[PDB]
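Note sheet for the following structure.
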Amino acid sequence: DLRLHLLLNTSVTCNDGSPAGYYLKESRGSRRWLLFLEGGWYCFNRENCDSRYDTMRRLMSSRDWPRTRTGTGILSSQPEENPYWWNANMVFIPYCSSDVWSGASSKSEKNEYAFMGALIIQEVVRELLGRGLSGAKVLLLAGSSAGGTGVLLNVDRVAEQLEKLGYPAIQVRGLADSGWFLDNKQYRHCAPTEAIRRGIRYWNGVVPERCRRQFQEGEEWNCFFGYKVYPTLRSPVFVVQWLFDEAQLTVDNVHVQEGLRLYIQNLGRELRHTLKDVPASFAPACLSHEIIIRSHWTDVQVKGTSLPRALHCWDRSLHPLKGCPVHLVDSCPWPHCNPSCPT
Ligand SMILES: O=C(/C=C/C=C/c1ccc2c(c1)OCO2)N1CCCCC1
Ligand SMILES: *[C@@H]1O[C@H](CO)[C@@H](O)[C@H](O)[C@H]1NC(C)=O
């Protein structure tokens, strides 16, 4: 089990002003650290954040969090369930800021809610340095769904923070799961581009510096889209993305005749195209919302290679490799054309 620690700097808060936190299981002797960002959509104005507070309060507040959680999938400490990093130090960071991990704004007389996702990540890293992270060789910042987009937004800032604090030997890397979205046309027609544009203003959202300098003021929403922000990043990032992701289809208003068949096939081709120049990637031809912290994450294969194997080959590459591939993108054009897709 992973044990809850609420942040000692109680000014770094969840949406409602309660302290943010992290769950930790230490592994003495290991110099690998895995920090995982939870997902769960977002909210972008007073009215829709008020609704989220009524029926999704654990995503806005720490008041009801449990004292422990069980690590599963890539967060499991059992080699049978996690062939990749079962002996690592494990950290689960709850998503309680509703801002795709981008915010830097406190609750005040002008702000009903605090949006502090970017500061939560920084404060967790700072407090872990005194709990063993100072001795790390690799820090892998991972995350699923909104947490996967959060990895893309924050991995280079973690690297810069550790350099400025005097720890240049820790190698910072990212693993973005299910957070690589397209700003495409909907099948029928608040779209993500508009909702994110409003969210950035409401959250005081921040984006990576090189991407910000390309797109400039008013256009920072572009940096929330993986294919646009990825080429600006300096840290190594492994991208996991279903070709027919259910959250992508939801925002596209897809819930089969010729028009819809062509729409779905074109979506898969577009996603494949955006990954052509991403050297470390795993993209199966499945319709799914399943994520890498699920217990059976080992079961899916692309071209005969599982995700835990691909991640191990990635580790070796950062020391091509015979029989140890890292670029695994399906080419078949319809969901479940890969027989290993989740049931
Ligand atoms: O958190 C999510 C999905 C969140 C999607 C977040 C998101 C959607 C569109 C975007 C974006 C981020 O930036 C670029 O455009 N879940 C979906 C399925 C599993 C439950 C959680
Ligand atoms: C607490 O966090 C806030 C926001 O990141 C920061 O301004 C302040 O310096 C922090 N204080 C300490 C003692 O870490």
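Read the numbers this way: they start at 1 and go in the same order the structure lists the ligands and their atoms. Heavy atoms only: backbone and side chains are in, while hydrogens, waters and symmetry mates are out. The residues of the chain are indexed from 1 along the displayed sequence.
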Presence of salt bridge, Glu209 and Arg212, under 4.0 angstrom
yes
With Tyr113 as reference, evaluate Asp99, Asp50, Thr13 under the side-chain hydrogen bond (donor to acceptor under 3.5 Å, both in side chains) test and give the passing residue.
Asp50
Can a side-chain donor-acceptor contact be found between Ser144 and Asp177 if the only test is distance below 3.5 angstrom?
yes
Is atom 14 (O) of ligand 2 touching the protein, meaning some protein heavy atom lies under 4.0 Å away?
yes
Who's the nearest protein heavy-atom neighbour of atom 16 (N) of ligand 1, and how far?
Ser145 CB, 3.5 Å
Anything under 30° is parallel, anything over 60° is perpendicular, the rest tilted; go ahead and classify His5 against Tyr22.
parallel
Can you find an N or O of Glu123 that's nearer than 3.5 Å to an N or O of ligand 2?
no
Say whether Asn9, considering both its backbone and side-chain N or O atoms, lies within less than 3.5 Å of an N or O atom on ligand 2.
yes
Output every pair passing salt bridge (charged side-chain N to carboxylate O under 4.0 Å, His left out) with a member in residues 225-245, not counting sequence neighbours, ordered by first then second residue.
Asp183-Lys228
Under the 4.0 Å line, does any protein heavy atom show up next to atom 2 (O) of ligand 2?
yes
Any ion pair linking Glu127 and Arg131 (charged N to carboxylate O, less than 4.0 Å)?
no
Relative to ligand 2, is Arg126 under 4.0 angstrom through side chain, backbone, both or neither, heavy atoms considered?
side chain
For atom 18 (C) of ligand 1, what's the nearest protein heavy-atom neighbour? Residue, atom name and distance, please.
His289 CB, 4.2 Å
Looking at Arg272 and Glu270, is any side-chain nitrogen of the basic one under 4.0 Å from a carboxylate oxygen of the acidic one?
no
Under 3.5 Å between any N/O of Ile196 and any N/O of ligand 1: does that happen in this structure?
no
Nearest neighbour of atom 8 (C) of ligand 1 from the list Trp221, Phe181, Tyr95, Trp180, on a heavy-atom basis
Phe181
Of all the non-hydrogen atoms in the protein, which one sits nearest to atom 14 (C) of ligand 1, and at what distance?
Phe224 O, 3.1 Å
Suppose we measure from atom 1 (O) of ligand 1 to each protein heavy atom; which comes out shortest, and what is that distance?
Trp41 N, 2.8 Å
Assign the ring pair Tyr42 / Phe44 to parallel, tilted or perpendicular, where the plane angle (0 to 90°) is split at 30° and 60°.
tilted
In the protein, which heavy atom is nearest to atom 4 (C) of ligand 2, and how far is it?
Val12 CG2, 4.1 Å
When you look for heavy atoms under 4.0 Å from ligand 1, do you find them on the side chain of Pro192, its backbone, both, or neither?
side chain
Aromatic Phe92 / basic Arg69 pairing, under 6.0 angstrom, 45° off normal:
yes
